[PDB]
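Worksheet for the structure shown next.
Throughout, residue positions are numbered sequentially from 1 according to the sequence presented.
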Amino acid sequence: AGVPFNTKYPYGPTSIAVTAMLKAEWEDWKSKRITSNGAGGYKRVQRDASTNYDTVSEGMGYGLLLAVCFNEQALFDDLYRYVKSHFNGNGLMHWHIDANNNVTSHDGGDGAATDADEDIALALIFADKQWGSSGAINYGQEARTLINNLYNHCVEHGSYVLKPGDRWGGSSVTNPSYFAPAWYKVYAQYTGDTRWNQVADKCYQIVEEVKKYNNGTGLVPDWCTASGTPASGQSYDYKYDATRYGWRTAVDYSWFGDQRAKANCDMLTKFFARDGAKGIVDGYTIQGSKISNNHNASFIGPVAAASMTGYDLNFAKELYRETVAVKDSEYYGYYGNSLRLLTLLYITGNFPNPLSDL
Ligand SMILES: [Cl-]
Ligand SMILES: [Cl-]
Ligand SMILES: [Cl-]
Ligand SMILES: [Cl-]
Ligand SMILES: [Cl-]
Ligand SMILES: [Cl-]
Ligand SMILES: [Cl-]
Ligand SMILES: [Hg+2]
Ligand SMILES: [Hg+2]
Ligand SMILES: [Hg+2]
Ligand SMILES: [Hg+2]
Ligand SMILES: [Hg+2]
Ligand SMILES: [Hg+2]
């Protein structure tokens with residue numbers, strides 16, 4: 001079960017590359033990121049020294065996606081027990097918890113962050129399909145409950161706009177890096193709730209609006225309104241949020257053959273081909289202007305993911321090599337190195353649709 005899946009994506013390349021390397025990188029990530037300290041009897045994904053080993057719900061999502069793909073059931077279950085120990089009044093995880101297991105003050109730590117719970121829900125579907133739900137945790141039941149909570153609290157019911165939190169945002173402000181059409185199609189097929197297809201379509205419509213303002217680069221902003229225009233007081237640049245877009249959105253092409261995903265990801269990949277793999281930096285305006293110049297793991301792997309849609313498979317190979325080569329030092333070892341491992345799973349053929357023949 002799990003890595004190596006030995007599956008072939010139905011569209012695009014099977015891999016742009018490995019199994020031994022992935023397992024070694026997983027053992028390293030697990031050693032550094034997983035702890036029982038401050039985990040309430042369970043396990044949690046901690047951030048790094050730069051934020052004093054706190055936990056964010058997104059990190060729980062990453063850890064569950066990784067743990068199921070690496071066939072780590074006992075660990076998955078303990079991570080999920082920590083998540084459940086932090087569901088808020090809406091059934092969505094508190095977004096920010098300190099190292100002592102207290103929800104944080106002054107930053108809306110009680111509220112949830114949609115991208116985290118979307119990943120947690122997808123990971124639960126994988127767990128159901130890979131291990132079955134008759135054991136200690138009924139993964140399928142937990143997934144259905146979470147998906148229902150996501151739809152009820154995190155989707156505008158008329159427009160289908162994805163909200164960034166359960167108690168704020170929507171058409172006046174949301175986050176393109178949270179957009180996950182392939183996840184939504186899986187939710188629709190797994191649960192039978194077809195409304196998730198309209199949520200996916202709305203994400204593509206937003207990206208189409210953003211094309212009016214991104215000067216043909218394929219870049220997306222960290223935050224924007226439903227008109228694809230700046231969200232007040234929030235970054236409109238392609239920075240540490242937006243970088244996840246190429247990862248989440250290329251998957252719809254590989255799993256479902258979505259031509260909108262390919263058209264968009266080809267644009268993004270083509271933009272990065274201007275400077276090449278070594279030239280990727282950690283901040284651009286959406287018109288392409290560099291605003292930061294660090295070359296790190298938060299930005300390389302997602303471009304490798306976008307490259308899966310086929311703009312240039314030779315460049316894709318170079319991006320794979322760069323993704324492997326650039327690993328962040330440990331003081332800042334949480335975010336980039338997590339995206340690196342997630343994207344490495346995808347671009348090596350080890351992130352199959354959980355509803356497919358595994
Ligand atoms: Cl997963
Ligand atoms: Cl993953
Ligand atoms: Cl949206
Ligand atoms: Cl949320
Ligand atoms: Cl949406
Ligand atoms: Cl939007
Ligand atoms: Cl896309
Ligand atoms: Hg995975
Ligand atoms: Hg997975
Ligand atoms: Hg939410
Ligand atoms: Hg959306
Ligand atoms: Hg937007
Ligand atoms: Hg895309």
Side-chain angles (χ1 to χ4, degrees), residues 1-10 14-15 19 22-23 25-26 29-30 33-34 42-43 45 57-84 92-93 114-150 178 180-193 196 200 244 247-252 254-256 305 308 338-339 341-358:
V3 178
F5 283 96
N6 303 134
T7 46
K8 297 179 175 68
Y9 298 130
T14 293
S15 176
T19 299
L22 290 172
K23 289 177 93 157
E25 292 310 284
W26 163 247
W29 189 95
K30 181 188 341 172
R33 301 268 69 73
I34 300 303
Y42 317 126
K43 285 185 181 183
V45 176
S57 59
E58 287 166 9
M60 299 304 300
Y62 303 153
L64 289 170
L65 285 172
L66 293 167
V68 67
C69 280
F70 284 102
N71 193 29
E72 292 262 18
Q73 186 174 200
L75 171 60
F76 183 104
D77 288 358
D78 256 354
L79 290 174
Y80 185 67
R81 288 182 196 100
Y82 179 93
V83 170
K84 197 157 171 187
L92 300 160
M93 196 188 147
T114 303
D115 60 335
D117 301 82
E118 285 177 331
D119 286 340
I120 295 164
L122 183 67
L124 288 163
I125 295 175
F126 270 92
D128 177 41
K129 297 296 194 186
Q130 191 180 295
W131 301 317
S133 292
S134 70
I137 299 181
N138 188 331
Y139 306 117
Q141 182 177 63
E142 296 295 321
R144 289 178 171 85
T145 296
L146 187 55
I147 293 162
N148 276 153
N149 288 146
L150 277 162
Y178 294 8
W183 285 224
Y184 312 145
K185 291 178 187 178
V186 163
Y187 301 163
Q189 297 175 32
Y190 184 72
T191 70
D193 185 0
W196 283 105
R244 293 165 298 186
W247 167 52
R248 295 192 183 280
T249 73
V251 175
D252 200 16
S254 299
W255 290 5
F256 296 113
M308 293 281 286
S338 293
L339 299 188
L341 190 53
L342 290 161
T343 61
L344 282 169
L345 284 173
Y346 168 54
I347 70 185
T348 62
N350 286 298
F351 190 42
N353 170 357
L355 310 184
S356 67
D357 197 2
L358 303 174

> Could you walk me through whether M60 and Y82 pass the side-chain contact (heavy atoms from CB on, under 4.5 Å) check?
Replying inline: CA-CA 9 Å; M60 299 304 300; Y82 179 93; 3.6 Å; yes
>> Return the CE to CD distance between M93 and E58, rounded to the nearest 0.5 Å.
In response: 10.5 Å
>> Assess the residue pair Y187 and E118 against the criterion (side chain to side chain donor-acceptor pair (under 3.5 Å)); give the C-alpha distance rounded to whole Å, side-chain angles, the decisive distance to 0.1 Å, and a yes or no.
In response: CA-CA 10 Å; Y187 301 163; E118 285 177 331; 5.4 Å; no
> Can you tell me how far the CG atom of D115 sits from the CD1 atom of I120, to the nearest 0.5 Å?
Replying inline: 9.5 Å
>> Quick one, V251 and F256 - any side-chain contact, counting heavy atoms below 4.5 Å?
In response: no
> If we only count heavy atoms from C-beta on, is the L342 to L66 side-chain gap below 4.5 Å?
Replying inline: yes
>> Which residues pass the side-chain hydrogen bond (donor to acceptor under 3.5 Å, both in side chains) test with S254, not counting sequence neighbours?
In response: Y346
>> So which atom in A67 and which in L79 form the shortest heavy-atom distance, rounded to 0.1 Å?
In response: CB-CD1, 4.4 Å
> So how far is it from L64 CG to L124 CG, rounded to the nearest 0.5 Å?
Replying inline: 6.5 Å
> Can you tell me how far CZ of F76 sits from CZ of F126, rounded to the nearest 0.5 angstrom?
Replying inline: 10.5 Å
>> Could you check whether any side-chain heavy atom of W196 comes within less than 4.5 Å of a side-chain heavy atom of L150, counting everything from C-beta outward?
In response: yes
> Is the shortest heavy-atom distance from the side chain of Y139 to the side chain of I125 under 4.5 Å?
Replying inline: no
>> Filter on salt bridge (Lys or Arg N to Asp or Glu O under 4.0 Å), then keep only pairs touching residues 65-78, sequence neighbours left out; what's left?
In response: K30-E72, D78-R81
> Going from CG on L75 to OH on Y80, what distance comes out if it is rounded to the nearest 0.5 angstrom?
Replying inline: 15.0 Å
> Which residues pass the ring pair (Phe, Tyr, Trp, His ring centres under 6.0 Å) test with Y178, sequence neighbours left out?
Replying inline: none
> Nearest heavy-atom pair of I147 and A121: which atoms, and what distance?
Replying inline: CG1-CB, 3.9 Å
> Can you tell me how far CG of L146 sits from CG of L122, rounded to the nearest 0.5 angstrom?
Replying inline: 11.0 Å
>> Going by the rule side-chain hydrogen bond (donor to acceptor under 3.5 Å, both in side chains), which residues pair with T343 if we only count those two or more places apart in sequence or in a different chain?
In response: none
Without placing hydrogens or testing angles, list every side-chain donor-acceptor pair under 3.5 Å for residues 348-358, not counting sequence neighbours.
unit_1	atom_1	unit_2	atom_2	d
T348	OG1	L344	O	2.8
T348	OG1	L345	O	3.2
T348	OG1	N350	ND2	3.0
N350	OD1	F5	N	3.0
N353	OD1	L355	N	2.9
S356	OG	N353	O	2.6

> Any side-chain heavy atom of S338 sitting closer than 4.5 Å to one from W29?
Replying inline: yes
>> By the side chain to side chain donor-acceptor pair (under 3.5 Å) test, which pairs, at least two apart or in different chains, include something from residues 120-132?
In response: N71-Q130, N71-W131, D128-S133, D128-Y190
> side-chain contact (heavy atoms from CB on, under 4.5 Å) between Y42 and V83: does it pass, once the steps are laid out?
Replying inline: CA-CA 10 Å; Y42 317 126; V83 170; over 6 Å; no
